[PDB]
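Take a look at the structure set out below.
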Amino acid sequence: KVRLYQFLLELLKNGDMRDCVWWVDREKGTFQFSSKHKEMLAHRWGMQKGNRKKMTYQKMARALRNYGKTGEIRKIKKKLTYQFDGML
DNA sequence: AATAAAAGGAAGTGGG
DNA sequence: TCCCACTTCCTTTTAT
């Protein structure tokens, strides 16, 4: 069972869905979602988990906020911008 | 100004 | 039965 943070890391590490998510600084671990195409990346995540309802970015973002300010993925005060931990 | 994003409480869910 | 790791629903609060 793949976790949400690993799924996102794998996408960026493999250059998958580059129009939906992209690194902002690979060294600092910061990445950013696509304001226009983020919902298509969100749906993929819902399929890998086989949820009953359709996955939305709002729901994926609700899951990301659970990791916390020192956890796997953290929120950065920039639009649609997050950051991985030193596990890079 | 309108829109998008961000937030989060709390129950609900399948996994182990 | 117990968490884990989200999922779902909803309303509220900020940023763009």
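A note on names: the letters A, B, ... follow the listed sequences, proteins ahead of strands, and every chain is numbered from 1. Worth knowing before you read on, the calculation uses all heavy atoms, side chains too, and leaves out hydrogens, waters and symmetry mates.
Taken together through direct or relayed side-chain contacts under 4.5 Å among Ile, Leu, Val, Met, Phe, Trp and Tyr, A/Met87 and A/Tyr67 form part of one hydrophobic cluster. Residues A/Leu12 and A/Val2 share a single hydrophobic cluster, defined by chaining ILVMFWY side chains whose heavy atoms lie under 4.5 Å apart. Follow the hydrophobic side-chain contacts under 4.5 Å out from A/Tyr5 and you reach A/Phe7 in the same cluster. In this structure, A/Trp23 is a member of the same hydrophobic cluster as A/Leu80, with clusters built from ILVMFWY side-chain heavy atoms closer than 4.5 Å. Residues A/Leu64 and A/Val21 share a hydrophobic cluster, clusters being chains of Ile/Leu/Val/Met/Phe/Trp/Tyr side chains in contact below 4.5 Å.
For residues 54-73 of chain A, the set of pairs meeting the salt bridge (charged side-chain N to carboxylate O under 4.0 Å, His left out) definition, not counting sequence neighbours, comprises A/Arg3-A/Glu72.
Minimum interatomic distance between A/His37 and A/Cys20 (heavy atoms only, all atoms of both residues): O-SG, 3.2 Å.
Between atom CD of residue A/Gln6 and atom CD1 of residue A/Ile73 there is a gap of 9.5 Å, rounded to the nearest 0.5 Å. To the nearest 0.5 Å, atom CG of residue A/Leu9 and atom CZ of residue A/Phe84 are 4.5 Å apart. With rounding to the nearest 0.5 Å, the separation of OH in A/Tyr82 from OG1 in A/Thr30 is 13.5 Å.
The cationic atom of A/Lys38 (NZ for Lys, CZ for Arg) does not lie both less than 6.0 Å from the six-membered ring centre of A/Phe33 and within 45° of the ring axis.
Legend: residues meeting salt bridge (charged side-chain N to carboxylate O under 4.0 Å, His left out) with A/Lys78, ordered by chain and number and at least two apart, are absent. Judged as a side chain to side chain donor-acceptor pair (under 3.5 Å), and not counting sequence neighbours, the contacts of A/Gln83 are A/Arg74. Take A/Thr81 and apply the side chain to side chain donor-acceptor pair (under 3.5 Å) test, not counting sequence neighbours, and it matches A/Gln32.
Not less than 6.0 angstrom separates the ring centroid of A/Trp45 from the ring centroid of A/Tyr57.
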